[PDB]
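Protein chains in written order, with PDB author numbering: chain W, 1 to 85; chain Z, 1 to 48. Note that the Cβ used here is the ideal one computed from N, Cα and C, for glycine as well. Have a look at the structure below, then the notes.
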Amino acid sequence: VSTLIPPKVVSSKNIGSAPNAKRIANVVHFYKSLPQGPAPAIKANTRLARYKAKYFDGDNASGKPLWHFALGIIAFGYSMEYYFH
Amino acid sequence: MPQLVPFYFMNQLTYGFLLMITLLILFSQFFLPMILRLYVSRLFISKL
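Shown next, in the form of structure tokens:
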């Protein structure tokens, strides 16, 4: 007898599976995606964007800024020692 | 000890408690939520 009409009806496979949710996510995310992100920090300029760039970038974490930062406070109180003495 | 007996106890202490209130607000509204951006961003990346 005469075949039923379901095989030629589709209209809820688009909620029917899980990658639909991911699809509607990644059509927004990827379509308006940039090839590369914006920045790993770069502001501190006054001849100190260089200080941050050399020391406090993702390029390295090394003891050089620590030494520098320590020395600033040492220079304050060391001069003040002779202001107190 | 002169470092425990100035006459400036309340003066110092005023500037001290001011630093605490400043930092509390500073963390709470600014710096803690920028770490929470890392958390939430990771969970969105987890979803994708």
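Same chain, Cβ closer than 7 Å to residue i, five either side skipped, listed in chain order
| i | result |
| --- | --- |
| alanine 44 (chain W) | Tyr51 and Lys52 |
Interface residues of chain Z facing residue i [CB-CB closer than 9 Å]
| i | result |
| --- | --- |
| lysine 22 (chain W) | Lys47 and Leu48 |
Close Cβ partners of residue i (< 8 Å) along its chain, the five nearest in sequence each way excluded
| i | result |
| --- | --- |
| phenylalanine 30 (chain Z) | none |
Chain Z residues whose Cβ lies nearer than 8 Å to that of residue i
| i | result |
| --- | --- |
| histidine 29 (chain W) | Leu48 |
| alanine 25 (chain W) | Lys47 and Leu48 |
Cβ-heavy atom distance, residue i to the ligand NAP, below 6 Å
| i | result |
| --- | --- |
| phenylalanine 44 (chain Z) | For the ligand NAP, the structure offers nothing, since it holds no ligand at all. |
Report the start-end ranges of each beta strand (DSSP E) in the region 12–37 of chain W that is 3 residues or longer and not cut off at the edges.
none
Spell out a yes or no on whether the region 17–37 of chain W and the region 30–48 of chain Z are touching, meaning 3 or more CB-CB pairs, one atom from each, closer than 8 Å.
Contact holds between the region 17–37 of chain W and the region 30–48 of chain Z, because three or more Cβ pairs, one in each stretch, are under 8 Å apart.
Let me know the alpha helix (DSSP H) ranges lying completely inside the region 34–81 of chain W, each 4 residues or longer, listed in chain order.
49–55 and 64–81
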